[PDB]
>>> print(open('work08.csv').read())   # CSV, C-alpha atoms
chain,number,residue,atom,x,y,z
A,1,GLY,CA,0.2,67.2,-15.4
A,2,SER,CA,3.2,66.7,-17.7
A,3,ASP,CA,1.8,68.4,-20.8
A,4,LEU,CA,-1.7,69.1,-19.6
A,5,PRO,CA,-3.5,69.7,-16.2
A,6,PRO,CA,-4.4,66.7,-14.0
A,7,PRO,CA,-6.7,64.0,-15.5
A,8,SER,CA,-10.1,62.7,-14.4
A,9,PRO,CA,-10.5,59.0,-13.5
A,10,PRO,CA,-11.2,56.9,-16.6
A,11,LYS,CA,-14.6,56.4,-18.1
A,12,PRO,CA,-15.7,53.5,-20.4
A,13,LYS,CA,-13.4,54.2,-23.2
A,14,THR,CA,-11.7,51.7,-25.6
A,15,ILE,CA,-10.4,54.6,-27.7
A,16,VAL,CA,-6.8,54.7,-29.0
A,17,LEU,CA,-4.0,56.3,-27.1
A,18,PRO,CA,-2.3,59.7,-27.1
A,19,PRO,CA,1.5,58.8,-26.4
A,20,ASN,CA,1.9,62.3,-24.9
A,21,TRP,CA,1.2,60.7,-21.6
A,22,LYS,CA,3.5,60.3,-18.8
A,23,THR,CA,3.7,58.0,-15.8
A,24,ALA,CA,3.4,58.7,-12.1
A,25,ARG,CA,1.4,57.4,-9.2
A,26,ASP,CA,0.1,58.0,-5.7
A,27,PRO,CA,2.4,58.2,-2.6
A,28,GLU,CA,2.1,54.4,-2.1
A,29,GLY,CA,5.3,53.9,-4.1
A,30,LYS,CA,3.2,52.8,-7.1
A,31,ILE,CA,3.3,54.1,-10.7
A,32,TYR,CA,0.4,54.8,-13.1
A,33,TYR,CA,0.2,56.4,-16.5
A,34,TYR,CA,-2.0,59.4,-17.4
A,35,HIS,CA,-2.7,60.7,-20.9
A,36,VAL,CA,-2.4,64.5,-21.0
A,37,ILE,CA,-4.4,65.3,-24.1
A,38,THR,CA,-7.3,63.0,-23.4
A,39,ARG,CA,-7.0,63.7,-19.7
A,40,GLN,CA,-7.1,60.1,-18.7
A,41,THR,CA,-5.3,58.0,-16.1
A,42,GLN,CA,-4.7,54.3,-16.5
A,43,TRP,CA,-2.4,51.7,-14.8
A,44,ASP,CA,-3.3,48.6,-16.8
A,45,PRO,CA,-3.6,49.6,-20.5
A,46,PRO,CA,-0.6,48.9,-22.8
A,47,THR,CA,1.4,51.3,-24.9
A,48,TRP,CA,-0.3,51.2,-28.3
A,49,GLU,CA,2.8,51.9,-30.3
A,50,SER,CA,6.5,51.3,-30.1
A,51,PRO,CA,8.9,54.3,-30.0
A,52,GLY,CA,12.3,54.7,-31.7
A,53,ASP,CA,12.8,51.0,-30.9
A,54,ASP,CA,10.4,50.0,-33.6
A,55,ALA,CA,10.1,53.2,-35.6
A,56,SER,CA,12.7,55.8,-36.1
>>> encode(input="work08.csv", output="structure tokens")
Amino acid sequence: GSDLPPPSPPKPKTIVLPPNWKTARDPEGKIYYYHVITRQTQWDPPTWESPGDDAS
């Protein structure tokens, strides 16, 4: 994991997002995103906040 050790597959969680997460996927040329603090992995959920583009 990028900050934190590898994540477990996601459980029923609506909970907000820890932007610490980084993206990477299986060998099938795909990409997913996994949150390092919460230890989650998700391909479909949006970024909850906008970086330097919106807030500097």
>>> atom_distance(input="work08.csv", atom1="atom CA of residue 22 of chain A", atom2="atom CA of residue 6 of chain A")
11.2 Å
>>> atom_distance(input="work08.csv", atom1="atom CA of residue 49 of chain A", atom2="atom CA of residue 11 of chain A")
21.7 Å
>>> residues_near_point(input="work08.csv", point="(-5.7, 60.6, -16.1)", cutoff="6 Å", atoms="only C-alpha atoms", output="compact mmCIF listing (two decimals) with C-alpha atoms, keeping the file's coordinate frame")
# COMPACT_ATOMS: atom_id res chain seq x y z
CA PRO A 7 -6.70 64.00 -15.50
CA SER A 8 -10.10 62.70 -14.40
CA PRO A 9 -10.50 59.00 -13.50
CA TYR A 34 -2.00 59.40 -17.40
CA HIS A 35 -2.70 60.70 -20.90
CA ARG A 39 -7.00 63.70 -19.70
CA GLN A 40 -7.10 60.10 -18.70
CA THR A 41 -5.30 58.00 -16.10
>>> atom_distance(input="work08.csv", atom1="atom CA of residue 52 of chain A", atom2="atom CA of residue 16 of chain A")
19.3 Å
>>> closest_residue(input="work08.csv", among="A:10, A:20, A:30, A:2", to="residue 48 of chain A", atoms="only C-alpha atoms")
A:20
>>> closest_residue(input="work08.csv", among="A:5, A:47, A:42, A:55", to="residue 25 of chain A", atoms="only C-alpha atoms")
A:42
>>> closest_residue(input="work08.csv", among="A:3, A:56, A:18, A:23", to="residue 38 of chain A", atoms="all atoms listed in the file")
A:18
>>> closest_residue(input="work08.csv", among="A:43, A:21, A:32, A:27", to="residue 1 of chain A", atoms="all atoms listed in the file")
A:21
>>> closest_residue(input="work08.csv", among="A:51, A:19, A:12, A:4", to="residue 36 of chain A", atoms="only C-alpha atoms")
A:4
